[PDB]
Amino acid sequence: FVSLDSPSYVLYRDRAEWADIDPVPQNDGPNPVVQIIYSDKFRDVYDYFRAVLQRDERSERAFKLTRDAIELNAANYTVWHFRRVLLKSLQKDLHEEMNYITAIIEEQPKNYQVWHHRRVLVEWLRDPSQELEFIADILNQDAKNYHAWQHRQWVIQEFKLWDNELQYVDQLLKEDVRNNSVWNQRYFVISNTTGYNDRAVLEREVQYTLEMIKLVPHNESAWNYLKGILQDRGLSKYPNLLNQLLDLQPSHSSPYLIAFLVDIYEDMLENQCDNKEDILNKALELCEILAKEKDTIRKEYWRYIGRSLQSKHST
């Protein structure tokens, strides 16, 4: 009806339709700590919210009141819980509520309560039809919104909406190939559809990733994805990859490539590789290069890897 910032807004303590219920002040104790000096409007709404909550009044007026309480503090999870109790008790139109939460999330996209409220509505309606488009709009404003990606994964998995997500992933990677949230979504989509055991799929992914690396050699996300899709079987199980990286080293001796080589050498040594002494020597030389020159911020980690390699394969 009337918003908190509307010119005709009236405090609840002045509304005739609310005269029959006494407001319930917040008791912070006689000697308050972390006491927030609330605005008159904030305190007014919450004094009445506390009253309807204490009385457990399942009314239309209580329902409208939660809207103002939410505008004042959308992170108040108690208000959201009560609003959901009212939605059910009053048999409110859930599609209208969906339009409401849509506007709320647009305004406060990094809030936990608003995304959970939306999920509950989608669960109640068993209707995901508006989700992918809505989330896409949120991601168009902040492509790395964690809550948005999490809600997107839930919807896709719960309602089996996998068909167009890889295409969505590809579009966002074109926009910003450094978007780690998108590489994560890529893994999410593939592992849950075809899987990575299909060698044709794995080769396609390794090729795609290597192409992205050649285009943007210092983009850590692509390097991490490459390791991510190969690590469980073991980096040493892919002999051609070592050679290719070794050829690109003289022109792209980035800390990512060098670290990847150490990771390969580590796995090789763990699998009874041939020329163990030579591989160990090469790995230790790279750990030193990383610790002293190429990746000094991680000197302690690289020194540890060097000691670890020696404790496991010196003989």
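Position 1 is the first residue in the sequence shown; the rest follow in order. Take the two forms, find the largest set of C-alpha atoms that superpose within 1.5 Å, and that set is the rigid core.
Asker: Once everything is fitted on the core, do the CA positions of 247-255 or those of 286-294 lie farther from the shown form in 8 other deposited structures of this protein?
Answerer: Greater root mean square C-alpha distance in 8 other deposited structures of this protein: 247-255.
Asker: Read off the CA B-factors in the entry, average them over 217-225 and over 92-100, and name the higher stretch.
Answerer: For C-alpha atoms only, the mean B-factor is higher in 92-100.
Asker: Select between 123-131 and 137-145 the stretch whose C-alpha atoms have the higher average B-factor in the entry.
Answerer: That would be 123-131.
Asker: Sort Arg67, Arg50, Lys282, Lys276 by C-alpha B-factor from the entry and give me just the highest.
Answerer: Answer, based on the entry's C-alpha B-factors: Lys276.
Asker: Considering only modelled residues of the same chain, in which third does the CA B-factor of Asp20 rank: lowest, middle or highest?
Answerer: Highest third - that is where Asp20 ends up once the chain's C-alpha B-factors are sorted.
Asker: If you rank every modelled residue in this chain by C-alpha B factor, which third holds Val85: lowest, middle or highest?
Answerer: Middle third, going by the recorded CA B-factors of the chain.
Asker: Going by the CA temperature factor in the PDB record, which third of the chain does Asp28 belong to: lowest, middle or highest?
Answerer: According to the entry, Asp28 has a C-alpha B-factor in the chain's highest third.
Asker: Going by the recorded CA B-factors, say which third of the chain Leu202 sits in, lowest, middle or highest.
Answerer: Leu202: CA B-factor falls in the middle third of its chain.
Asker: Thinking about Cα B factors across the chain, which third does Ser191 belong to?
Answerer: Middle third of the chain for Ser191's C-alpha B-factor.
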